[PDB]
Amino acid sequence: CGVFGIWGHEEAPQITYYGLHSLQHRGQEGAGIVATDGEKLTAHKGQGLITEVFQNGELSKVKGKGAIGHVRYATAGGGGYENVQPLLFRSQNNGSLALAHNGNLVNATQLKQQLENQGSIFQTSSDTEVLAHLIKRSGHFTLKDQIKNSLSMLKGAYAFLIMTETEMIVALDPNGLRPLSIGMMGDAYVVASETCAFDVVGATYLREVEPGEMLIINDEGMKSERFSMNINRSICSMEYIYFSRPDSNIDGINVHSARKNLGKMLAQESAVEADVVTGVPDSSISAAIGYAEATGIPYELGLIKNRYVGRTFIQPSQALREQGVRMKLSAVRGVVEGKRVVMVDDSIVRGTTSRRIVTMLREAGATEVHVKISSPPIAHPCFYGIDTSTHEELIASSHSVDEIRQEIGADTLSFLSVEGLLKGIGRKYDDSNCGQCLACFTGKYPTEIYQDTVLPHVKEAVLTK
């Protein structure tokens, strides 16, 4: 998922639409904007793409000088309109409250159970809602402090944008697992999960949001505060490996560049003698470019991705698929035929895509296919976001690198060492891990996981199918 907010722009919902649109790769399962004019909160949301939701007719109904928005992921595409964020709570003779979140709370099961016994009913299956109930039951005398202390009760990954009629409150968890960055646009402040949305919108980037920090932004300006001084910096490593758009800079490290270095690191860890380097369209293009350059083997387009495959694309029958019919990716014979191909891919999670890709690449006539992954094996469950998790198996859970080389049928398979990865991304944070979360790879989480903690996706509500 991804979040965007702007306080102090008279066209703030139109800007949130473009901002949210740069973050459209972070989830296509729902989108929504809530805006305040200082008097009242107006909103629109729905399932699907920002263009699908705001066909238009709808961007006209959201007016305000400040707005927050959210782009949402859902594993099983559907989940319900219920969970499309921002969530909005109204209280007459007390105010409106809107909230958006990118992350996953590890103790939300537990908290919902306690809340229901204090007499709470839940309508969504969102972690945002759990926060709404906690602010409301807080005994502190100020919204800033009720939020400030409700965050004390939450465990896990979270980027929250909260907005009422009169101020935007931004908070980043003490590990800083999810990205949140502040930029400026005139005299408006803007907060976004990735800096590429500032590029798109015309906003000058100011700085990241510290782990454990909470910003109150309103007509007086931006106020900072720190709800936790006990911090442990460990950003999601996959943000740099696969999830962020290439033109974002996570902590000042540009994602294209970092990814290119993982191709470079991979080359120096594992060269092969071969004739062509191909990446995989869109996920490993940058790393393939870096690997090819470090190695001197020419960089080629040996896989092409169809640009118009969507939810409306009819998938081929198993029969057509065994007859030869491709769906989103096909190997290109005019480049790979009679060549020894190295296929750089950013990661193997289930094993499925690399297998299909080694086969396509063999049918096109590659005589050797070597697979190079700019990641360590992903062995463990991510408990920090629907987007960063999978409900399907991790073959590294059960297989070795020779058993995975064997399942996908590579002539050879390589992963980056944890050491090469950290070396490659290049953070300057003194500790073992340079301030990054490596738990999917290594098993060691920067967070206490509970016995009750469910895998993020498990929190679903609408069936869809």
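Residue numbers run from 1 along the displayed sequence.
The mean C-alpha temperature factor is higher for 68 to 76 when 169 to 177 and 68 to 76 are set side by side. As the entry records it, the average C-alpha temperature factor is higher for 386 to 394, out of 354 to 362 and 386 to 394. Per the PDB entry, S91 shows the highest C-alpha temperature factor of the residues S228, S193, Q268, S91. Considering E29, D411, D402, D37 together, the PDB entry gives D37 the largest C-alpha B factor. For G420, the recorded CA B-factor ranks within the middle third of the chain. Only modelled residues enter the ranking. When the modelled residues of the chain are ordered by their C-alpha B factor, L59 lands in the highest third. The entry lists a Cα temperature factor for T51 that places it in the highest third of the chain's modelled residues. Looking at the C-alpha B-factors along this chain, the one for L455 belongs to the highest third. In the PDB entry, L23 places in the lowest third of its chain by CA B-factor.
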